[PDB]
Each structure stands twice: as structure tokens, then as C-alpha cells.
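Residue numbers (the authors' numbering), protein chains in the order written: chain A, 3 to 1023; chain F, 411 to 614; chain Y, 3 to 205.
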Amino acid sequence: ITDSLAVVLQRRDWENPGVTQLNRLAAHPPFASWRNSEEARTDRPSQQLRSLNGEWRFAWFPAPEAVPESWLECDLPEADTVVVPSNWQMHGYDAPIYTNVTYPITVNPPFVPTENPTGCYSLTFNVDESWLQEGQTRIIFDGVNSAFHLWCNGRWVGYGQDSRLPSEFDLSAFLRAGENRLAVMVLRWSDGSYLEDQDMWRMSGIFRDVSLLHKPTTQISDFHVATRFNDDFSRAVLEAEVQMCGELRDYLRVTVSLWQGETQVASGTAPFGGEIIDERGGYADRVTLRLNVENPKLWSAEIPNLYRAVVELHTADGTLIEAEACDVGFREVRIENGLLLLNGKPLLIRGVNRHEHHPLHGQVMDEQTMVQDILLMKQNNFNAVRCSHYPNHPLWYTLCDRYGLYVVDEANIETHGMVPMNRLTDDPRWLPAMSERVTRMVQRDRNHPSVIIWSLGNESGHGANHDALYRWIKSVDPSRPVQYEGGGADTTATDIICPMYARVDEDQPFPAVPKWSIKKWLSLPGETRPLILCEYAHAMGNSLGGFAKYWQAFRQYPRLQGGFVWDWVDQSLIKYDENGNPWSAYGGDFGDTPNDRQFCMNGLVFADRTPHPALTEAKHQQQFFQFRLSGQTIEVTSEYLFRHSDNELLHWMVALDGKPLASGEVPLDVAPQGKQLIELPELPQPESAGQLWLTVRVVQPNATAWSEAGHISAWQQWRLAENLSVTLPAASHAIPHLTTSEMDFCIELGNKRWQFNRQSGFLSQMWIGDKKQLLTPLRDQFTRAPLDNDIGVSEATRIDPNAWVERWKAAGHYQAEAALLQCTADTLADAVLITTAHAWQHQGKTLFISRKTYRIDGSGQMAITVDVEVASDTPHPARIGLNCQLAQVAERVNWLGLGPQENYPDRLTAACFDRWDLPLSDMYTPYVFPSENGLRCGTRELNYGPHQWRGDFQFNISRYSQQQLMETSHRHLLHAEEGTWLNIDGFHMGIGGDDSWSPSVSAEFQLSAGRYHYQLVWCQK
Amino acid sequence: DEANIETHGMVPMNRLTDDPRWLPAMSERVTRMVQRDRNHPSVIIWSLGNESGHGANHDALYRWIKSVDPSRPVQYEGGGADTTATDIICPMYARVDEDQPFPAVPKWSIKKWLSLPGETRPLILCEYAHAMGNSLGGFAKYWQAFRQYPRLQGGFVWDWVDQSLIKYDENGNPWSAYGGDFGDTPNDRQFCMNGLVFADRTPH
Amino acid sequence: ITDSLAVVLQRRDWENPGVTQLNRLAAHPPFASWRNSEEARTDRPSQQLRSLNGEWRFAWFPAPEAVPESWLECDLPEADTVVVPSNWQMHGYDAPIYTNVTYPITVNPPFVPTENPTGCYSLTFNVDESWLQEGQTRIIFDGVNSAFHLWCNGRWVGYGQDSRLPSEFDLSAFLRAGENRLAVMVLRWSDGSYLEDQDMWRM
Ligand SMILES: OC[C@H]1O[C@@H](O[C@H]2[C@H](O)[C@@H](O)[C@H](O)O[C@@H]2CO)[C@H](F)[C@@H](O)[C@H]1O
Ligand SMILES: OC[C@H]1O[C@@H](O[C@H]2[C@H](O)[C@@H](O)[C@H](O)O[C@@H]2CO)[C@H](F)[C@@H](O)[C@H]1O
Ligand SMILES: [Mg+2]
Ligand SMILES: [Mg+2]
Ligand SMILES: [Mg+2]
Ligand SMILES: [Mg+2]
Ligand code: NA
Ligand code: NA
Ligand code: NA
Ligand code: NA
């Protein structure tokens, strides 16, 4: 009766910040309750641990109040069978929502909306009775979003809040032998929601594991590990504190053993009872052991050396009651003199922020995925990750511990949508709620070596609640520093200056919470902390421009110790078309309102875990080896702090315009932070004209746990020389033949023919034989299909006048009208010469002026010359080039320039100058939300079909016009056009990326010169 | 002004104070006081309570106040009288010249305490000169020290009035009662009597 | 029904450190709500402020569970008339205890003892309706030791812990014009007790 919904729901615990849990047990590190040492030791699987994951019964309701009492007793008829864990929105029950800042619900804390989607989960299962006899049996919910009530065998059990941490309950008193039934009522909204405003998809359900744990009545209730070292790390002290629950008896003992794989390194045994702590005594129920270790093996992202620790609770006679264990890593994290140190050295964080997201599973995680991520990261030179913005699936930590990644554990608190942001955080009333959120995380994760920094959450302003919490940790766990960006990134609540989106050299002086250039920030009067950006280089779409600027600063300023890119994967979901075709969806794609469109897409990889081109730039900028070239010597520098170049091969090679003339292989031998000199054999001195370039690569001969054999970890290239061509084109036996008409001019030469329309002034068509070559005339082009960055947050409804796109639009760039100023033809002794002049205008203003010359000789080549003038008072144009639609369509693309991936002016350091050949398809970048893409710069020769272009330009080539791209919102809606679209740019604006909601392209990358010149050569084979 | 928190009987004393679980409870206790009394000029120091050992909960609370009300210092004696949780060294019952070196929470002579390596805070005894019955011997010793050492800024005597209650004899005669006088068990007898004045407010 | 003891006491909020209050308003400095400057200025007395101190009706029980639902509705027969504020031990209801360090009860947080002396206080009073028309009306307990539940006109209102600070509740929705009745159930032990071990008389 009191177990009745009617009654339980009476209280509406989900609308009371004062109630965050009911009868939930206390937090702690991971238990298995092994009943055998070896097992625990070898991390086998414990039988006192049982998963309840699988098929369950589900039913959905628009509101809690609509639930039926029967439910408690009996399963429903209309119930469905579902797999757990999972997100109900992923099963079509309701929609997933995608907002960033704005709360999905109405802001009226601590009130949630009357219509609050309820998910009734139920499960019937059997229990061994042996369990029922002795010991304790509890259930564990690794993750339930957002809040929920629980019943067992018809009996009300408890309540819980905080979608990201475990919830435990003692079932011991509700279990019957044999068949039992669980009834979990889960709710979308709760007061907890107010603390969970992360910019992610808003979902719900039992998205994390469910289990049962059988523990002895007298058991290990908790334990902590700590390492201490001597000044040189030649000796450590493992110190373990253990707490027990149960019946205290003098024959109880505890043994802690340290293992190095097969070897037992140290052991210690003792009886309960601590040292005096105060006037009343000590902890009778605790005990602390101290193990000494000589020449311990240190743990690091570079070399995750691990040890295993075993905690055995037993009697004096030797009888074991139970065992617990964990992996241990010897490392010391400390901030000293402005620097963040690890094991004595100063780190350089090559980090990234990462959400728990699966295109198919929603927020549900699994080993497989996790590992994928890890491997990728490692493979791309990352060494750290930030749990944006809640505690992760437990397994994660282990993996990181094992694989080697620095981690920032972050509390599940974001109140982004409040106003002002710290409205809650500065309120005592919410303190307790917040507290729970921090404390619990700590208790759970504190023994993992990979965790090196605690974080109080994200975007929640700065409030006293923070200060208090910050302090709490400090007292409880002094082994790791604490950071928090809210309220200015340098408050009393952070041990590190951890801004987000601060620029390298430019200040953004917002009131109250200005973002200084990072170099300046460091030097403010009185400032002494290290600086690490919690978020930077917004990777939304075609982005990452400027990345190198950061890396360079990082490398030059000691106190700038890196940052975490934003972010790992796109938060895109799959949908299907009627043909059962899957496609990537984003904000509003589920009729979800309100929503933030593509904003959920900012990763370096696609949800499927396929890389965006940007990834490469990252990998390159983050390499662990740095090169210097001096004469014939290569200087190599190691950015490793702990390892030696023991799996490194250096391949080098020389080529002339793509023609390889020499290669070499040299094994690396460099100590962490050391230098290696590399002597080059005498280099070739070709006569032929061209550019001589040197290229080095670093290879990993042997595979690793995270990499294959032959992995490339670093590269670098240099231009050795140049041999200017002083040659002359041999004579032609003939010369083109001009032919006027009213409409045009005709140039003929053999099978070749070119035509220029006299009204438009453009080269309208050209033939080879009887084959027309263009579907569209060759013309000047000044715009681009806006990048995400070009758009920012401008919306049709709510336009952002400073967005590039906005300006371009307003300027009429997108719709200016060309006007022939002049067009003439002339016959020279050795060729035909055409000259034109056009003007683009808009509303009486002249934006650009394009003056060209086309000169066709007897060799059949057409040389083009372009000179443009840009009004100083118009917004710098996205680009300056030409375009046309070629009638032909080929398989491959071959060029001599920067490659092979997409590269832009402010994003091309990772690219190499060579000869590339790819399939047309590869020249396209399937950004979910479409825009200008696939460009390659620094090109000297381009070949497609019978065509060849020469000069010095950048280009792109695909089947989609810029207009198409510009007019389509999803990749899945593009359809190839008739021939091949080609854009050849003399110049192209940068892409930016410092952030995606303001103009982020640096001046050096803007087309602000006023006058531009370029030349080109076109021919056929 | 002192928060309503004493866990004296725990064991060890900070059993609760060092537990997150009790944090919220404790919090309420502090926060609320502050919100209520902060505008009174007479209040010049906030105190986190009494005899509850020293626990993280304390640190957090200490900090909270500091942030919210920077106008007054915060003190707390628990756990040694000189923890990170107090702006002042505020022991109770430390002697003028003699040290009482209890393990973990020794009570140094107050003159010595001041000079410990690294110590810089002022010292004010939160409790001293136990006025139980025929007492107060030695009082002058303190006063003199106080007067001679700048950093010794005084203290609060323990305590004002006797905590005695009235009872009646059969002749309807009233009489002062103490521990166990109500059959109350267990009890601490006269210990409730340590004032400078009698409950009626008549001076000792 | 949900206002029923049977139901309310179900939860045993007094044995849960997680629950320290229910529907209690937020803390703040002292208000009078003067409606005239001068008054406030000269610290006169505000009429938006009313004392409920005086004679009330009291009844004592060895345990909460022993209370009678009737109580909610109707005053008791065996109820006594008492002055408030006051300490029930001072009226002979039970004994005052004098321990210093040692807890008066058994140490088993957050558990309190089954026999936990309950004091049922009740009060019937009249409310001007003008108050009932506009504005907000709340009640204020300057001090209740140690924990307690509250009802107004038969309706369950809230809960509170911490014997030394005020507890406030908005009555606005439970008041009727004219006659109203308050029912306050007060408890000796509560989880709060674990935080109130001062060496003083336990009342
Ligand atoms: O990828 C989204 C990021 O948004 C930033 O917040 C911006 C927000 O995008 C913008 O709409 C608003 O005008 O300004 C905010 C600046 O605080 C976040 F800060 C990032 O962490 C991402 O969520
Ligand atoms: O007036 C009583 C005072 O007792 C002190 O505590 C003593 C206690 O009296 C004694 O029985 C025990 O052995 O040692 C305690 C020392 O911590 C208090 F500290 C004072 O504040 C008074 O309560
Ligand atoms: Mg709640
Ligand atoms: Mg956000
Ligand atoms: Mg309680
Ligand atoms: Mg005491
Ligand atoms: Na640096
Ligand atoms: Na985003
Ligand atoms: Na002095
Ligand atoms: Na006393």
C-alpha cells in the first residue's frame, strides 16, 4: 500500500533538489567480491557478480501519473520486449532532443514539466538461494537517466538522481528464492536535469549496465591506494587504506599484495585498527598498509607500466572471506613553480574532449567502441582526454589505465542555460545536490592512475558551491590538481588556467569574463599558474584552421602546457529513408524542438569513426619528434619525456618535382628530450629544372598494442633547391586561325577549337575533334559555399551581421552581375591574343574588376592571365579564381602539389608536396552538413582526362556545384551533376576555427590585398 | 556565531564530519546561520561548530563562508585547533606554560604554540579556565600572558551560568538539581555546573 | 489520505540524513514586512507579523507510531493545555537528560530508537481574511527540537531538522478564513541528533 504508486509519487522527489536519492548505498571503487585470490589477481570473472543485461520489458507513458498499479504486480500486456541497456528514444519511443545551451524544458527550478515521459522497465529473474542464505545482495545501476524509483517483488525500494554515476541498493530483504521481479520507473525530467545541461543529445533510459553483487556480511567496504616517492623515484611507497563493514572481530586480517605480473613484489598483513586521529581515538574498522618498492616501474601515457594489487580480507587462521583488487600505476602528479609535472617532468597535453556517443546506440557504450577510440587517438598522437562532461563508463578508465592516456575526470554538472549562469551554483540550496555529484565521482574513480586531474564540471558559472567543492577535494585527494573553467577560467576554484577558446595572440575582452590571448594571460600581474585549454580549436566541419599557431605557442612557452580539442566525434545519428537507407541526422531531424542543428557536429571523426581531414593536421602538429635541417644534417628532437626511440625508423628521400632520386633509412636513437644528428650522404644535384624536396618519415617497424607495424608517426619535409626553367618552347609550324563573327571569335588549330562569346566575354566552349568540352563557360568566381565557420550562428530568423556569410550576402557578392567592359582579339605573329575586362557590380557599386588575356599559340596551349581589383570597402572575398563545368568525367585525378588530403591556406602544414593520384571520389569531403571542401593548395600541375593545367594555384574538383552544396542541408541529398565541376583558385581565404560562433579567420588569411594576379596554362593530350 | 554541530560522542570524533554523506546536512547548518545573521555588526567571527574532530566537510564549509562573507574570519577548534579550517588558533584548555602533548592533538603551552615553525596566526582560546565550582585558580597567569604577547589575543571562559534546574521537596521547597537528579541515565552529575554565576544569576 | 500519518511516517525522514527538510522556505535575515516606512524606521511593530505564542494543546506519546489519525482532525480529549514556547520535560512529560559526551541514545547512525518520544502540539486560530485575499502567508518556527512534521487544517505541510534555526513555511494554500488548526508533531530523536551532541541538558 505504501508501496503504491499513488503513494510513492505523492512526494514528487523528482521535483526536489533536497532529495537526490533514497536508500541508495554509498559510493566506492569497483568490487567483484572474488572468493579466490588468483582469480582476483588475474582479473578473472567473479560469480558474486552477475549481469542483468539483456531482454527486459518495457512500456512507455507520457507521464508518471499515468502508470498502473498493476504494473507493480503484473507485467503489462502492451509491454514490449527490449534490450537493456539502451536509450528509449533509440527505439522510437519518443524523440531525442538536440539543444546546446537552452534547456529542453521550461526553466522553473526545481520544477519539471507535468508531461514527463516515463519508462517502465521490468524484469523477472531467478536467484540462487545460496545467495539468499548468507551474505548480502545488492543491485547496481551503472547509469539511468535522469531519475528513477525502484521496486522489487512488489516492494518499493529506493530512488536515485545523477544520470552518470552508479546507484546501489541492497536487495537482501526483498529477495525470494527463485523468481523475482524488478520494476523500475525511469523519468526524463527531474530536478537533476537542471544540473545536466550539456550540449549533447537529450535522451533517457537505462543506458548503462545492471548487475548483482553478492557480498559477505562482513566485507571490504572501501579502499584507497597511494604512491609516494623519493626525490628521484628510485623508491616508492605504496600505501593502502582499507575499510570494512560488518562484524568486527579480532581474528580478522588484511593482506595486501603487490604483483608484477607473475611476480609478487610485496605483501603486507595486518589487523584492523588505525592510529589515533583525535581526542576520541582512531578507526577500529580501518587499516592502512605501507608497502615499500624499490625501483618501481613508472606509469605514464608513454609507458603504462602497471601493477596488480590484492586486498584479501581473511581470518587469522588463513581463511579467506573475500578479495578485491585493482591495477596500480606508480606516478606522481604535481604542480610546481607554475608547472604541471608528471613524474618529475613537465607535461605537454595533446588532448581532446570526448563524449560517449554512438550513431546507433545513442549514449550506450561498449568495449569495442572504446577501444576503437583509444587506438585512434593514440594513433594520431593524442595523449590525453577529457570526459566532457560527466563521469564515464567505468570500463573506460581501465582501458586508459591500460593503454596509456591521461584523463581528466569531470563531475556531472552543467547549468549552462541558467541566467546568470551561476544562479544555482551560487545557492546553498543546491549545494548538497552538487556535492553528491562530486564526492561520489571521487570515491569511485580515485584509484585509477590514468586520472590525473579532477574537474568540477562545466559551464556553470562560478559560485560558492564551487569553492567549497574544490576545497573538499583538495583535502580528500591531494594527489591530483583540480580545475574548473567556469566564471573566467582563473577563479579561486581552479588550480590551472583552463579557458576555452582563447586565442593565441588576440584578446577577447568580454565583460566580466574576458578571454585574453593565451600568451598574455600568463603574464597578468600576480598570475602564476599553468595554462591548459580545456577546449580549443572547434572542429566543426571544414575546420581546424590555425591549429599550428597554437602548437607553436605551446612549444615556445613553458607555462603553456597544451589543451583539449573540441571534440572527438560528431554527435550524429542514423535515420532511414523509405528505401531503408541510412543517413546521418542532426538537430531538428527528429522534429525535436527547439534545436541547434549541426552544432552537435564538431568532431575530428565521423560518428562511424571515420576521420575528417583535420585529423591529420592534428596528428602532424602533435608529433613527438621535431626536425631541423642544416645543410646535410638533420637534427632530431624527442618530445618524449620518458621513452627512448626504441621503435623508430627514419626514412628519408629526395625528389625532383615528384621524381624520386634517393631514399634512405635510418634508425633512431634518441633519449627522451634528446637530440640526434643525422648525416646525409651526398645529395644529388640534378640539372633539370624543378623543385628539389626532401622528405622524412618516422616509422614503427614493430607493432604495438595500439599500432600496426609500419606505422607512420611523424613526418616533415623541406625544399632543397630550385632550378628555374630558362627554356623556350620550340617553334610551331603553324598558328591558330582566328575567325570573327558577330557572336563570337573562333580559334582553330587542327582538331582543336576554342570559342569566346562576344556578348559575355567568356570562353564559352571548346572542342577536341567534334567533342565539346564544357558544359559551362569558364568564369571568374569570388565566392564559396559557406563553411560552418563562415556561418556561425546566423539564422534565417536570427541573423548574425558579423558572420562572413552574412557580410558577403549583404555585399551582394553572391549575386553580383558581371559586365563586359571590353573584349578584343588580335593576331600576332605566333599566336592569337584575346583580351577581356569585366566588372562585377551590385546596386551601382563595383566590387571587382577582372582583366584577362588569353593567348593561344601554335603549340595549342592556352595561357591565361588574370588580374583582379577588389574594392577596398567590400568584404574580403572567400576566393579568387575561375570555374567551369567540364563535360567529361574521369576516374582519377592526378596532381603535383600539396596532398593528398584536403588542405587549406590556414590548414596545410600536414600536407606534402608531391605527385598525387587519386580517384575522383576522394576529392570530395562528405561533411554531413555540406559546404566548400576538398581543396588542395600549392598546385603546379593538374591532370584530369585529356586536360592539363599548369601554374600555381589551388583547386577542387567534384560533381557538385557550389550552388548545390550551398543549397543542400544534408549530404545524403546531394546528387551528382552532369559533368565535372572544377574550381581553380589563384587565392583562397582561410577557414578559421578558433571558434565557430564568431569570425575566426586571421588577418594573414584574409584576401585583403586589393590587387591580385595569377596565370595559368591549359592544354590537352 | 556558531553553527549547530557537535559530534562529540563519535569515534573517532570526525567519523561523520569526514563523510560526504553528511556533508549536506552539515552544510545546511552553516549556510543557514549565515544567511540569517550576517547583517549584525556584533557578529565578528563565524565558527563551524564544536568538538566534531576535523573532516573534509569542515574544509569545504570553511571555504564556503570565506567566499560568501569575507568580512569576518572563521574559526574552528576541532582536530587540533590549528587546522586548515581555522583562521585563528583557538584551542580549549591549553595551559600558559605547560604543554599537554596528546597524540595527534596535543595542546601546547600557548606561548609556545605561537612560535611553532611556520605558525603565524593569532591565538584566542575558544575555551579556558573551567569555572566548575570552587575554581578559577590561575586566571591571572593567563591575563598576564595575554597582556605580554601581542599575538595572544584573549579567550572565552568556560562558562557563564550553571546549568542547574530546580526541583521541589515535599514541603514544596525548591532546590538545585543536576545530572542524574531526574533519574536520567546515563548522566554526568555536576558537570553541567561550570558557571561564573548561579542559574539565578548570582555570582560565584 | 496521503496526509495520513500512516503514510507520512512511512518514510521515516527522521532517520535519514538525506532528508533534512521538506517544503521549508529559504533562510534570510529578519523580516517584519512593515507597510509604512516610519514604523520600520522606528522599529515599531508590524502587523504583518503575528505571534502564535500562548496556550496550545499538548499530548505526549512514547512513539510516533502510537499517534492517532484523529489527532489530525480532532483535538484530543486527553490533551492538555500548555504554554508555548516550552520544553516538555519542563512539564513533567518525560525526563531531561544530562550527559556530556556520551550520546543519550545508542550510536547507530542514522538510526534513532524505536521509542522516540513524540509531542503533539496543536493550535486553533483565526485568520483575517484580508490576508487570505492577497499576498503570502507563512509560518515561522524559531526553534523546535529536534525534528518535526507539520499539518495545517488536516493537510500535511512539511518537515524540518536543526533545533537551532528557524523553519519557515508558506501556509497560503492551506488557510481558510476564520478558524484554522495546526498540528505539529515533534520528535526527540532524529538523525539531526547525531549532530547535536552538546554537553548540555537534553530536552
Ligand atoms: O559546440 C558548441 C560549443 O558552444 C560553446 O558555447 C557558445 C555557443 O556555441 C554560442 O551559441 C553562444 O553564443 O556562446 C557560447 C559561448 O559560451 C561552448 F562553450 C562549447 O563548450 C560548445 O558547447
Ligand atoms: O565542562 C565539560 C567540558 O568537557 C570537556 O571535554 C572533556 C571531558 O569533560 C572529559 O570527561 C573527557 O575525558 O575529556 C574531554 C576533553 O576533550 C569539553 F571539551 C568542554 O568543552 C566541556 O564540555
Ligand atoms: Mg529531487
Ligand atoms: Mg554547453
Ligand atoms: Mg533526516
Ligand atoms: Mg561536549
Ligand atoms: Na609549453
Ligand atoms: Na556542439
Ligand atoms: Na595580547
Ligand atoms: Na559542562
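Backbone N, C-alpha and C fix where the C-beta goes; we use that ideal spot for every residue, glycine too.
- Ranked by how close their Cα comes to the Cα of A/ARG190, the residues A/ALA272, A/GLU17, A/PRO430 have A/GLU17 in first place.
- When DSSP states are grouped into helix, strand and coil, F/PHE549 belongs to the helix group.
- Listed along chain A, no residue sits closer than 9 Å to F/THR530 by beta-carbon distance, the nearest being about 20 Å off.
- Just measuring C-alpha positions, the residue of A/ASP15, A/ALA889, A/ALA28, A/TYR100 sitting nearest A/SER960 is A/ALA889.
- Those residues that have a beta carbon less than 6 Å away from any non-hydrogen atom of ligand 8 are, in order along the chain, A/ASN102, A/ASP201, A/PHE601, A/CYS602, A/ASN604.
- One Cα belongs to Y/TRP36, the other to Y/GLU57, and the distance between them is close to 27 Å.
- Close CB contacts of A/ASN449 within its chain, under the 6 Å cut and outside five residues either way in sequence, are with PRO31, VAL227, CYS328 (chain order).
- DSSP places A/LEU240 inside the beta strand (DSSP E), whose first and last residues are 237–247.
- Beyond the five residues adjoining it in sequence on each side, A/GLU750 comes within less than 6 Å, by CB distance, of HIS739 in the same chain, given in chain order.
- By the 16-neighbour rule on beta-carbons within 10 angstroms, A/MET436 is buried.
- Every alpha helix (DSSP H) of 4 residues or more that sits fully in the region 962–1007 of chain A is shown, in chain order, as 964–969.
- Between A/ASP280 and the set F/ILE415, F/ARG561, F/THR427, F/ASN414, the nearest pair of CA atoms involves F/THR427.
- The Cβ atoms of A/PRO669 and A/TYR642 do not sit closer than 9 Å to each other.
- The DSSP-derived three-state label of A/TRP708 is coil.
- Closer than 8 Å to some heavy atom of ligand 7: that describes the Cβ of A/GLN558.
- Under the three-state reduction of DSSP, A/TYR559 is assigned to coil, being neither helix nor strand.
- Not one heavy atom of ligand 5 falls within 8 Å of the beta-carbon of A/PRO19.
- By the Cβ-count criterion, A/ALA34 is buried, with 16 or more other Cβ atoms from all chains shown falling within 10 Å of its own Cβ.
- Residues of the same chain with a CB within less than 7 Å of the CB of Y/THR116, apart from the 5 flanking positions on each side, are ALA65 in chain order.
- It is roughly 14 Å from the alpha-carbon of A/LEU377 to the alpha-carbon of A/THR400.
- With its beta carbon less than 9 Å from one in chain A, F/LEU433 belongs to the interface.
- Assignment of A/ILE793 by DSSP, reduced to helix, strand and coil, places it in the helix class.
- Proximity of the region 585–596 of chain F to the region 100–109 of chain Y meets the contact definition, three or more beta-carbon pairs being nearer than 8 Å.
- With a beta-carbon spacing of about 6 Å, A/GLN863 and A/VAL1019 fall inside the 8 Å limit used to define contacts.
- Looking at the backbone, the Cα of A/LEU315 and that of A/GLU136 are separated by about 17 Å.
- Taken in chain order, the complete beta strand (DSSP E) segments of 3 or more residues contained in the region 19–74 of chain Y are 56–63.
- DSSP lists F/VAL484 as the bridge partner or partners of F/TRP456.
- When the five nearest sequence neighbours on each side are left out, the beta carbons in the same chain lying within less than 6 Å of the beta carbon of F/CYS500 are those of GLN485, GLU487, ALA491, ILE534, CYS536, in order along the chain.
- In this structure, A/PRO430 sits near F/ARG442, with a CB-CB distance shorter than 9 Å.
- DSSP places Y/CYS154 in no alpha helix (DSSP H) but in the uninterrupted beta strand (DSSP E) bounded by 149–154.
- Between ligand 2 and the CB of F/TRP568, the shortest heavy atom gap is smaller than 8 Å.
- Contact holds between the region 237–254 of chain A and the region 210–220 of chain A, because three or more Cβ pairs, one in each stretch, are under 8 Å apart.
- The beta carbon of Y/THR22 sits closer than 9 Å to some beta carbon of chain A.
- DSSP places A/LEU134 in the uninterrupted alpha helix (DSSP H) bounded by 131–135.
- Along the region 251–275 of chain A, the beta strand (DSSP E) occurs as fully enclosed runs of 3 or more residues at 254–262, 265–272, listed in sequence order.
- Taking a beta-carbon distance threshold of 9 Å, A/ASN147 does not count as an interface residue toward chain Y.
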